[PDB]
Engineer: 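Shown below is the structure under consideration.
Residue numbers start from 1 in every chain, and the chains themselves are labelled A, B, ... in the order their sequence lines are given, proteins ahead of strands.
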Amino acid sequence: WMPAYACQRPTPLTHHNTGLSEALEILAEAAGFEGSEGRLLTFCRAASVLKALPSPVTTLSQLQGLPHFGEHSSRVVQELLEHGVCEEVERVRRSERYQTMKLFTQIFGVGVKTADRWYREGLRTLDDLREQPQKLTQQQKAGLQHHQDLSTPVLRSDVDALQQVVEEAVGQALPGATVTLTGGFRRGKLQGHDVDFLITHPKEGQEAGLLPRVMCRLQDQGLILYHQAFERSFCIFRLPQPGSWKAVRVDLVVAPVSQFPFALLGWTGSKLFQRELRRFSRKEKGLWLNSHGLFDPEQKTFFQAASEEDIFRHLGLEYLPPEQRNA
DNA sequence: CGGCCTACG
DNA sequence: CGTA
DNA sequence: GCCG
Ligand SMILES: [Mn+2]
Ligand SMILES: [Mn+2]
Ligand SMILES: [Mn+2]
Ligand SMILES: [Mn+2]
Ligand SMILES: [Mn+2]
Ligand SMILES: [Mn+2]
Ligand SMILES: [Mn+2]
Ligand code: NA
């Protein structure tokens, strides 16, 4: 009895099938690089099923009946069980296309379509991109300029220092506004690629215009290396370190308090968890979910939520705390 | 056959 | 397109 | 790739 949607089962951060799930996730990533979003989704889902299992898979028999395992995903597990290696996964790993697409798409500002164009033009290294600067957006220029720092794990000590300076700026911009850590750190991860914060105010409407004021105040303290009426800011901060500094990606999001549970849920992830929750909402309950609200399209009304628990309840789902959303 | 999350910058 |  |  393993439910078919990732939002229906707890997925902890530490699980028991990392070898198998990591192989399936290489095939998912490669499917994305080739423009096959459906295959990507199936391989992601199959990997996530293994993360939810209570014990290591030892025998092919233990896959029978599990959702999202068909011929292809089962063969990959079978080969890993019997041989320790899957020829398809290894061919992908070793391939110039996979390695370069991974290198390029890891850059802030570069997705699959851009990386693929560059690949087809013959580019292979970061220095190749640096050699043709006029072919870069400002966002990509910043991602490349800070690429080394942005590839360094963000630690909890960084999170805590960043939360302090964001809270200081937010408090200077709007008394009573609050700052909530979201993203992977709220799910219990000890490291990350960035830090995500959600900002609100308990009085509906007071948060109007807040994010530009927060950004100005951070910029005047020398904390901003890159930023773009707005409600989401995808920033690079100049984080002080002893005797120096490092660039860190920081996402700042403002939501009115009416939307705060929806934004908190949406920004806490995981990414697969949130896509699966929205799919469940629409396909199983007929309701439309995003980070703003939950809409009943037949009554034309929005569900009023005071908490994440309220949203799960309205969807008929057992509540999962953030640390069990690691699908 | 046809879907696969759903927004903002 | 990119970001989440 | 898997599934409704
Ligand atoms: Mn366990
Ligand atoms: Mn196949
Ligand atoms: Mn064999
Ligand atoms: Mn994050
Ligand atoms: Mn909005
Ligand atoms: Mn088809
Ligand atoms: Mn297909
Ligand atoms: Na990227």
Engineer: Measuring from the side chain of A:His292 (C-beta onward, heavy atoms only), which nucleotide among B:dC5, B:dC8, C:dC1 has the closest atom?
Structural biologist: B:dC8
Engineer: Does A:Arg156 have any salt bridge (charged side-chain N to carboxylate O under 4.0 Å, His left out) partners at least two apart in sequence or in another chain, and if so, which?
Structural biologist: A:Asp160
Engineer: Using a cut-off of less than 4.0 Å, is there contact between a side-chain N or O of A:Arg275 and OP1 or OP2 of B:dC5?
Structural biologist: yes
Engineer: Who pairs with A:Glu323 by side chain to side chain contact (heavy atoms under 4.5 Å, CB included), at least two apart in sequence or on another chain?
Structural biologist: A:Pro321
Engineer: Counting heavy atoms from C-beta on, name the nucleotide in B:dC5, B:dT6, C:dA4 closest to the side chain of A:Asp194.
Structural biologist: C:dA4
Engineer: To the nearest Å, how far apart are A:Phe69 CZ and D:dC2 P?
Structural biologist: 9 Å
Engineer: When you measure from the side-chain N and O atoms of A:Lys283 to the phosphate of B:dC4, is any distance below 4.0 Å, counting only OP1 and OP2?
Structural biologist: yes
Engineer: Ignoring backbone atoms, establish whether A:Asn290 has a side-chain N or O less than 4.0 Å from OP1 or OP2 of B:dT6.
Structural biologist: no
Engineer: Any luck finding a side-chain donor-acceptor pair between A:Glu207 and A:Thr200 under 3.5 Å?
Structural biologist: no
Engineer: With rounding to whole Å, what would you report as the distance between D:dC3 and B:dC5 at their P atoms?
Structural biologist: 15 Å
Engineer: Take the protein atom CZ of A:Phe230 and the nucleotide atom P of C:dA4, then report the distance between them rounded to whole Å.
Structural biologist: 17 Å
Engineer: Side chain of A:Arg279 only, heavy atoms from C-beta on: which candidate in D:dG1, B:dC5, B:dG9 is closest?
Structural biologist: B:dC5
Engineer: Would you tell me if any nitrogen or oxygen in the side chain of A:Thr114 comes within less than 4.0 Å of OP1 or OP2 on C:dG2?
Structural biologist: yes
Engineer: With the threshold set at 4.0 Å, does a side-chain nitrogen-carboxylate oxygen contact exist between A:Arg97 and A:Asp116?
Structural biologist: yes
Engineer: Using atom CG of A:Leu272 as one end and atom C1' of C:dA4 as the other, report the distance to the nearest whole Å.
Structural biologist: 15 Å
